[PDB]
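> Quick one: the structure is below, questions incoming.
Read-outs: derived from the displayed coordinates by stated rules, not from any lab. Here Cβ is always computed from backbone atoms with ideal geometry, including for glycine, and neighbour counts include all displayed protein chains.
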Ligand SMILES: NC(=O)c1ccc[n+]([C@@H]2O[C@H](COP(=O)([O-])OP(=O)(O)OC[C@H]3O[C@@H](n4cnc5c(N)ncnc54)[C@H](OP(=O)(O)O)[C@@H]3O)[C@@H](O)[C@H]2O)c1
Ligand SMILES: NC(=O)[C@@H]1C[C@]2(NC(=O)NC2=O)c2cc(F)ccc2O1
């Protein structure tokens with residue numbers, strides 16, 4: 001089945017296109033190709049600095065009647081410098097304008113960490129530390145709930161929240177809407193069994209980011225593990241007559257996760273979508289899970305001092 005049921009009653013395509021690092025002069029065509037080939041979920045963010053260009057593609061394909069808006073599932077995130085109650089609505093509307101939408105299917109708090117508002121996405125003090133905001137994530141969550149009540153977003157969620165932070169929202173006094181999704185890093189080197197189990201036990205759908213290991217991450221090093229070239233994973237792919245990437249995408253799908261591989265390459269975009277025609281065995285799945293090494297691509301290493309930094313806790 002191509003979609004999963006959220007706790008807001010809407011359905012979310014379990015496969016989406018990521019857009020972090022997608023160059024602004026390539027991402028319009030990437031999203032047009034993705035929708036042409038059958039993608040119905042696009043994962044976006046203001047901090048990616050390319051929403052206008054993603055939006056151009058979405059609008060053209062609506063205009064062309066390639067797809068209807070009801071059939072698309074568009075996701076964006078609230079960046080850390082906009083956690084203040086007075087800035088949330090504005091941030092959302094700028095993203096909407098850029099994406100040329102009148103609503104988001106899903107809007108996520110991008111990180112539990114709030115930063116000082118301003119032009120800079122990573123505001124620094126004179127000694128190099130990121131400057132935090134005094135806003136806490138419970139007041140940020142209430143502002144996200146307002147967005148629902150104003151019709152700007154159909155669902156709200158969180159990203160990069162650890163289990164104690166998910167729990168804090170779940171136990172927020174006067175909680176109005178629970179989070180629908182927690183978007184976290186997840187791949188065979190970071191399998192996240194504990195956090196996923198917790199979120200799913202709570203009815204919260206987990207989206208797996210960097211499922212291919214983010215080989216274009218800016219800080220990659222030639223000696224890092226490589227999922228795509230791990231011969232153990234190659235072997236499993238070979239056996240199923242699929243590519244390694246296809247295996248890496250099918251893997252979270254069979255854990256009842258949503259997954260959002262990024263590509264701006266038309267051939268790979270199509271490749272990545274042909275994952276609905278084969279099944280990994282239970283054994284394949286346990287084998288993939290065994291490769292966990294708690295290897296994190298996205299650890300926000302410029303702000304490990306934040307009170308709300310999520311990755312000091314085990315999960
Ligand atoms: N919530 C957050 O904090 C957060 C954090 C990280 C990522 N994300 C989201 O998750 C998405 C996915 O993560 P990611 O961008 O870090 O990386 P990823 O999706 O794990 O990997 C993308 C890299 O893989 C390459 N690639 C894609 N398909 C391939 C295939 N079939 N064969 C070989 N190489 C392939 C891409 O190349 P080309 O593009 O050159 O084809 C690109 O270099 C992001 O784009 C973003 O939407 C969210
Ligand atoms: N260092 C990190 O872990 C995050 C990763 C991350 N990528 C992503 O998709 N979400 C993120 O927040 C990102 C994206 C940016 F545009 C800029 C910084 C950046 O930092």
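> Running a GNM on the chain with Cα contacts under 10 Å, which residue among 236, 249, 196 ends up with the highest mean-square fluctuation?
Per the Cα network of the chain with a 10 Å cutoff, 236 tops the list.
> Multiplying the sequence separation of residue 277 and residue 7 by 0.36 nm and subtracting their Cα-Cα distance, what value in nm do you get?
94.5 nm
> Something else about it: Calculate the FRET efficiency for residue 254 and residue 217 from the Cβ-Cβ distance with a Förster distance of 41 Å, rounded to the nearest 0.05.
0.95
> Over segment 179-313, calculate the relative contact order: mean separation of alpha carbon pairs under 8 Å at least 6 apart, over the residue count, as a percent. If you can, show how the numbers build up before the last one.
Working: 149 pairs, mean separation 40.7, N = 135.
Contact order relative to length: 30 percent.
> On a full-extension model of 0.36 nm per residue, what is the gain between residue 307 and residue 37, subtracting their alpha-carbon distance, rounded to one decimal in nm?
Once the chain is fully extended between residue 307 and residue 37, it gains 92.9 nm.
> Next question. Given Cα pairs under 8 Å that are at least 6 residues apart, what percent is the relative contact order of the chain?
Working: 549 pairs, mean separation 59.8, N = 315.
Answer for the chain is 19 percent.
> Calculated FRET efficiency, residue 287 and residue 121, Cβ-Cβ r, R0 41 Å, to nearest 0.05?
The computed FRET efficiency comes out at 0.55.
> Could you check what % of the DSSP bridge pairs in the chain are antiparallel, to the nearest 5? Mind dumping the intermediate values first?
Values: 6 of 29 bridges.
Close to 20 percent.
> To continue, here is another question. Hey, in the GNM for the chain with a 10 angstrom Cα cutoff, which one of 97, 281, 159 fluctuates hardest?
Residue with maximal mean-square fluctuation among 97, 281, 159: 281.
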